[PDB]
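Engineer: Quick one, fold the following:
(chains A and B, ligands or ions: 2)
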There are 2 protein chains.
Amino acid sequence: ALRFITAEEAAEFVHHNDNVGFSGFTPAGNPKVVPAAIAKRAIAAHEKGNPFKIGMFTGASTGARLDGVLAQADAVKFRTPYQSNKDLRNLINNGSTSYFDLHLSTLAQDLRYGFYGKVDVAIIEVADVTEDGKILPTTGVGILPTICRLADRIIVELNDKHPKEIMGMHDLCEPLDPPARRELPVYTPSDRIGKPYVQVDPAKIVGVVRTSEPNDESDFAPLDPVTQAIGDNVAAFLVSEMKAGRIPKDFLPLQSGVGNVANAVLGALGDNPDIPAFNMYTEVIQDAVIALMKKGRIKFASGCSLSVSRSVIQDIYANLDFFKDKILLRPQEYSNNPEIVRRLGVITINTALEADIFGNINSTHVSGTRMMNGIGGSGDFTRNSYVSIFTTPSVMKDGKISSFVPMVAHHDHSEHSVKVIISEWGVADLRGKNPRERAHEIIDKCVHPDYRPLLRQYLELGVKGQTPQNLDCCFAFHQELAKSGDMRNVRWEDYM
Amino acid sequence: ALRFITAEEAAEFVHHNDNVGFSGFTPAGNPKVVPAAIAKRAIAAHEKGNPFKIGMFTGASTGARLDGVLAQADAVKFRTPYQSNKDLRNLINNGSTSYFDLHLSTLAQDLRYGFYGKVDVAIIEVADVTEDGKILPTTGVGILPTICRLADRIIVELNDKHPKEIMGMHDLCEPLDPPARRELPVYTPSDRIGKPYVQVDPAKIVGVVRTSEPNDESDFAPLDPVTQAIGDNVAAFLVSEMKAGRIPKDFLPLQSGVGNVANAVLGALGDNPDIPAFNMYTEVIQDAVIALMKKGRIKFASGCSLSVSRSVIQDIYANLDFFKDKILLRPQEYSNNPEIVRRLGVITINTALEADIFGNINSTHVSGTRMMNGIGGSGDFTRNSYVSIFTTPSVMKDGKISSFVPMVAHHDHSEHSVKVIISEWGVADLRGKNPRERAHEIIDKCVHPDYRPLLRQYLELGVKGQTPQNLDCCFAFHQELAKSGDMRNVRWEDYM
Ligand SMILES: [Zn+2]
Ligand SMILES: [Zn+2]
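Structural biologist: Numbers count the residues shown, from 1 in each chain, chains lettered A, B, ... in the order given. Ligands and ions are numbered 1, 2, ... in the order given. The relevant structure is shown in the block below.
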């Protein structure tokens, strides 16, 4: 039978060098009390002279009570595929651990393929665990089905705050693997192809820890004119494309990242009457989506996690009557699947840390060296979307930093994949343009006035060829930031 | 009824500013006499003071009697999505025309989406054209079905050398477009999902030009120890992976580029008994594949074109009894489809112009500025393959040029997509490794001895962060080639 234990007893099932997979996608759906117990245990081993580090496989980001505590404990032998915690991020950038970010849709199958070793244990947060081994996830799916299948033992965390009435909001499954794989039967963003729970051998459950962990509440989200501008441009562009005949009149499924811009984009879409009621086929469903949903603005939402504030999650749970049939959570293997994304003609909208005049995007490394979060699913989406869009305020640091540079210090998306770029200044449709033509378009429409003439001068430095990159000074902007702290101080005659 | 005309009369149906789509993939399946007649016509307009340039949509590369003649005629207003002709290449690199290379699998649908204007006329090479508008392609498919559907008028070229007995070797079709698209029903590389011909309204055929154009013959293909080495490493790695459990015992579908390395790889596979009889799910089927096919080494071949020498094509046509059911040609929309590639677990092997120590690949720009051919289908494949492999001799120009550099002068494939790199020196499995770990692996296994210590010194230049790129000298190798002509002359203390 199912054995109930403490977070301390559960932590004993994790040993040094073990590879652990965690449930959830973003803090949502992730274990919150056991990982901290592992950390104590890990630290107690360190100061005793004994080594203690585990390999970590997750869906995406985890709370501060996962990566944070584990990172502060210096017990991370390796991490994948996406993170978003300051402690772990520093540990990484200080070269104190091994981190490799992957396209989110690929981790599950690659685990099955045996590309990354063994999964020793799986720690999961649940809304309900049956005696016959049926698991009901909470608010995030990630790689749940795969870690439960591959793990030697499973440590369950039964959260008080998530009701079993949620049953039906998840669509869990895995496909056969080559050479036996069939198609993934989703032709609409609301199609169900799996089960509302994951089935495992109850014998693998080494224990069930009871918890009662509420969602955090929404923390300070001020409005910003630059993002208001960006969000409007996105919405206006899209309606404009439909009437131009480049997007079907009934619109298409959408995908957006998380953040202020995303929020502004969603708000703009909802307020533009020319944008028909739409569905989401995203990664994470945020408050902004729920808000539009209550106004009938968004008809349905497909995602990998429901990452909403406490006020919003309580409203949903109090109204399963309304939300149950409008929200569907899938493993990232499906929510970010190239096959599904391309078939449905999902329109993707993602952010850029920086972009260059030839349409290349950097979404992970600051100055090309410091890791940020991870490529995430921006590649899975951008690459296969009907039309890929990248948004970003034109400048930063009171204008001393330009979001647009001659060449990105780190390439995450290439000229062959980025179709449209949008800032507060306007939109640059890159389709059908060569390098020089898209540079002028990006310069005139997206770049901040303070940097437009300088980037125009970059295109006239005498370089011959398809792409006018000047290897002697393509990184002058980044170099100048390090020297003066203000990229506007660049003068090409100084960098050559 | 079908009207038979000359290449000169046919050329009259093409006007300045018209967008023309051509059939075929690589010279194979492309028109050979009409485009030259357009060129004459174009030149006659130029010297008369009148403008004359057409937009060009093709599958991939075309003969010298297509891009070459058209480029020499300076009648190219814009070109897509891949080219491989010296005249056109120079025209491009001299900034005399607009060229934009795309992921091959995306051109067909994006044309239907309306992303690139209108298709005025389609010039196609045929083995048979029925009176009721049934077209039978020759040796290359490309974007045939799409250009025939979208074009206002069609100019057919009936080639004597290709028999209608070929009927059955093509699988032609197009899928519905979002939001109505269904799955692409190919679960095996030999699955048929379309028709052996393309149906059009005979009224659109403005004329049929009779031709008799034979395949070129195989031209000088000497053996090279470096490629022999590379090919063996690829084959040995693969058998090694199967026994390690990272590739199913019965193997998987393969995809390789064209060239000496590719030929060596195919040969190595055929000669390694631990490599089971396999199938191809490539872009272009070359002589090397046919050779292995006759030895039962390759069981079947799926591709977009059969680009073989005259000796080989005659052997096939004289033995449809053997080849007919073993070769299947598809539109690049299907032969390079992400959905199919990932579902079948296609193992992809492509070349690299250059690669950097962090796993990024450049497959198009020399020194980051001079266009080569185009990204081609390397992205469609690499990105979605079971395991992506990149091959390349370690050096060039008698060792004065290193194929491995600190940072690639042009990014076509990122660290998140490149899984394995192989040179004559060994193989570097990049999976599960962070930037520093994969740099040391690439340095120790793939890099030529003459450059290993220098790239090791690059990793110790004091740079902090996830990725040790030094923006002050990451391009020193390229810069030194331009200064001395020998990258070995680099000394980091000189570039900083
Ligand atoms: Zn990256
Ligand atoms: Zn490129």
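
Engineer: for ligand 1, what are the nearby residues on chain A?
Structural biologist: Within reach of ligand 1 by C-beta under 5 Å from the ion, chain A has these residues: A:364, A:412. C-beta: built from backbone N, CA, C; applies to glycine.

Engineer: repeat that with 8 Å
Structural biologist: A:101, A:363-365, A:375, A:410-412 (C-beta under 8 Å from the ion).

Engineer: what about stretch A:287-298, near chain B?
Structural biologist: No. Stretch A:287-298 stays clear of chain B (C-beta under 8 Å from any C-beta of the partner chain), getting no nearer than 15.9 Å.

Engineer: same question, stretch A:404-415
Structural biologist: Yes. Judged by C-beta under 8 Å from any C-beta, stretch A:404-415 comes into contact with chain B through A:409-412, A:414.

Engineer: now swap in stretch A:245-261 and tell me
Structural biologist: Yes. Using C-beta under 8 Å from any C-beta, stretch A:245-261 comes into contact with chain B via A:245-246, A:248, A:250, A:252-253.

Engineer: Could you do stretch A:177-197 as well?
Structural biologist: Yes. Among the residues of stretch A:177-197, A:177-179, A:181-185, A:187-188 lie within reach of chain B under C-beta under 8 Å from any C-beta.

Engineer: What residues does the stretch 101-250 of chain A have near chain B?
Structural biologist: Residues of the stretch 101-250 of chain A lying near chain B (C-beta under 8 Å from any C-beta): A:101-103, A:113-117, A:177-179, A:181-185, A:187-188, A:244-246, A:248, A:250.

Engineer: 10 Å instead, please
Structural biologist: Within the stretch 101-250 of chain A, the positions near chain B by C-beta under 10 Å from any C-beta of the partner chain are A:101-103, A:105-106, A:109-110, A:113-117, A:175-189, A:241, A:244-248, A:250.

Engineer: Go through the residues of stretch A:404-415 next to chain B and say which is closest to residue B:463.
Structural biologist: residue A:409 (11.7 Å; C-beta to C-beta).

Engineer: Tell me where the stretch 51-200 of chain A has helices.
Structural biologist: When secondary structure is read from DSSP state H, counting those that start in this stretch, the stretch 51-200 of chain A shows helices at A:69-72, A:86-93, A:107-112, A:144-150.

Engineer: Pick the most deeply packed of the ones you listed.
Structural biologist: Most buried of those, by mean neighbour count (mean count of other C-beta atoms under 10 Å in any protein chain shown): helix A:144-150, with a mean of 25.

Engineer: For that one, what is the distance to the chain centroid?
Structural biologist: 20 Å (C-alpha atoms, centre = their mean, to the nearest Å).

Engineer: Ok, stretch A:191-211 next?
Structural biologist: With C-alpha atoms, centre = their mean, you get 24 Å for stretch A:191-211.

Engineer: Contacts only, for the residue of the stretch 101-250 of chain A found nearest chain B.
Structural biologist: The minimum distance from the stretch 101-250 of chain A to chain B, using C-beta to the nearest C-beta, falls at residue A:178 (2.8 Å). Neighbouring residues of residue A:178 by C-beta atoms under 10 Å, 6 or more residues apart in numbering or on different chains: A:109, A:113, B:187, B:247-248, B:250, B:252-253, B:342-347, B:386.

Engineer: Just the buried residues from those, in ChimeraX please.
Structural biologist: Filtering those down to the buried ones (16 or more other C-beta atoms under 10 Å in any protein chain shown) takes a single ChimeraX command:
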select /A:109,113 /B:187,247,248,252,253,342,343,344,345,346,347,386
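
Engineer: circling back: ligand 1: which of the residues of stretch A:245-261 next to chain B is nearest?
Structural biologist: Distance to ligand 1, by C-beta to the ion, is smallest for residue A:253 among those, at 25.9 Å.

Engineer: Now do the helices in the stretch 351-496 of chain A.
Structural biologist: Using DSSP H, counting those that start in this stretch, helices in the stretch 351-496 of chain A cover A:378-384, A:435-445, A:452-458, A:476-483.

Engineer: in the longest one, what's buried?
Structural biologist: Using 16+ other C-beta under 10 Å as the burial criterion, the residues of helix A:435-445 that qualify are A:435-436, A:438-443, A:445.

Engineer: and what of the last one?
Structural biologist: Applying a neighbour-count criterion of 16+ other C-beta under 10 Å, the buried positions in helix A:476-483 are A:476-481.

Engineer: Stretch A:304-321 too?
Structural biologist: Using 16+ other C-beta under 10 Å as the test for burial, stretch A:304-321 gives A:304-309, A:312-313, A:316, A:320.

Engineer: returning to what we had before: and the residues of the stretch 101-250 of chain A next to chain B, which are buried?
Structural biologist: Buried members of these, scored by 16+ other C-beta under 10 Å, are A:101-103, A:105-106, A:109-110, A:113, A:115-116, A:175, A:178-179, A:183-184, A:186-187, A:189, A:241, A:246-248.

Engineer: Tell me both backbone torsions, phi and psi, for the residue nearest the centre of chain A.
Structural biologist: Among the residues of chain A, the one closest to the centroid is residue A:376, at 4.5 Å (C-alpha atoms, centre = their mean). Main-chain dihedrals, residue A:376, degrees, to the nearest 10: phi 60, psi -140.

Engineer: and what of the one 10 residues further on?
Structural biologist: Dihedral angles phi and psi of residue A:386 (degrees, to the nearest 10) take the values phi -60, psi -50.

Engineer: Tell me who's in contact with the closest residue to it other than its chain neighbours.
Structural biologist: Nearest non-adjacent residue to residue A:386, counting by C-beta to C-beta, 6 or more residues apart in numbering or on different chains: residue A:345, 3.9 Å away. Counting by C-beta under 10 Å, 6+ apart, residue A:345 makes contact with A:247-248, A:251-253, A:281, A:384-387, B:109, B:113, B:177-181.

Engineer: try 8 Å
Structural biologist: Contact partners of residue A:345, counting by C-beta atoms under 8 Å, 6 or more residues apart in numbering or on different chains, are A:248, A:252-253, A:385-386, B:177-179, B:181.

Engineer: now do residue A:254
Structural biologist: With C-beta under 8 Å, 6+ apart, residue A:254 has these contacts: A:269, A:278-282, A:346-349.
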